[PDB]
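1. Below: the sequence, then the experimentally determined structure.
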Amino acid sequence: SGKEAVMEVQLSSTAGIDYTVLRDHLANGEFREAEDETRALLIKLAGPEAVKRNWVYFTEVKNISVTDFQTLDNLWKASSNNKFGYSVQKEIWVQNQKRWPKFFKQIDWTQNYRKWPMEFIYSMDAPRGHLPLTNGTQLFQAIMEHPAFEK
């Protein structure tokens, strides 16, 4: 169903975050824009200091709620026949023995080191775990180690 699946997802937030824009991108298959929206929300979610400077410190992922993360992940999973999502990324990372460059290769972020944003794959043709992005490396870790997926 693809586009229909994204719509079925319940859109919930501890922090009054309006996921519709993302949802609408992800539904209509607008992965590039969805990625950009995703980043922007993660910033807003990390709290005021994060928003002021406009990137996120790995420390601040602690601040982001389970629900909000789960919502993002649900949508990304939904838009992708469960190929995309933070949780997916954790799975692929754990499956590669938490060994980073093995993982980065399995996620086709190297296929070199794919240059953003022209050189990335924003489509259903992308490998499982290719999206979304999160570009050191402690940040991305903190996300996956987050309790929303642990589980």
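-> Everything's here; your move. Residues are numbered from 1 along each chain as shown.

2. so the residue nearest the centre of the chain, which of the three states?
-> Nearest to the geometric centre of the chain sits residue 132, at 3.8 Å (C-alpha atoms, centre = their mean). Here residue 132 takes the coil state, with states given by DSSP: H, G, I helix; E, B strand; the rest coil.

3. Show residues contacting the longest helix belonging to the chain.
-> In the chain, assigned by DSSP state H, the helix with the most residues is helix 31-45. The contact list for helix 31-45, computed with C-beta atoms under 8 Å, 6 or more residues apart in numbering, reads 15, 17, 19, 21-22, 25-26, 50-51, 54-56, 63-65, 68, 72, 76, 79, 117, 122-123, 131-133. C-beta: built from backbone N, CA, C; applies to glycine.

4. Filter those residues down to the buried ones and hand me the ChimeraX line.
-> Buried members of the contacts of helix 31-45, defined by 16 or more other C-beta atoms under 10 Å, are picked up in ChimeraX with:
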select :17,19,22,25,26,50,56,64,65,68,72,76,79,122,131,132,133
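
5. Give me the subset of the contacts of helix 31-45 lying in helices.
-> Among the contacts of helix 31-45, the members falling in helices (DSSP H) are 21-22, 25-26, 50-51, 68, 72, 76.

6. picking up where we left off before, does the residue nearest to the centre of the chain touch residue 84 like I think?
-> Yes: under the criterion of C-beta atoms under 8 Å, residue 132 makes contact with residue 84 at 6.7 Å.

7. what residues are shared contacts of the two?
-> Joint contacts of residue 132 and residue 84 (C-beta under 8 Å, 6+ apart) are residue 76.

8. quick one: furthest residue from the center of this structure?
-> residue 112 (22.2 Å).

9. how much space is there between that residue and residue 105?
-> Counting by C-beta to C-beta, to the nearest Å, the separation of residue 112 from residue 105 is 11 Å.

10. related to what we said a few turns ago, who's in contact with the residue nearest to the centre of the chain?
-> 34-35, 38-39, 72, 76, 84-86.
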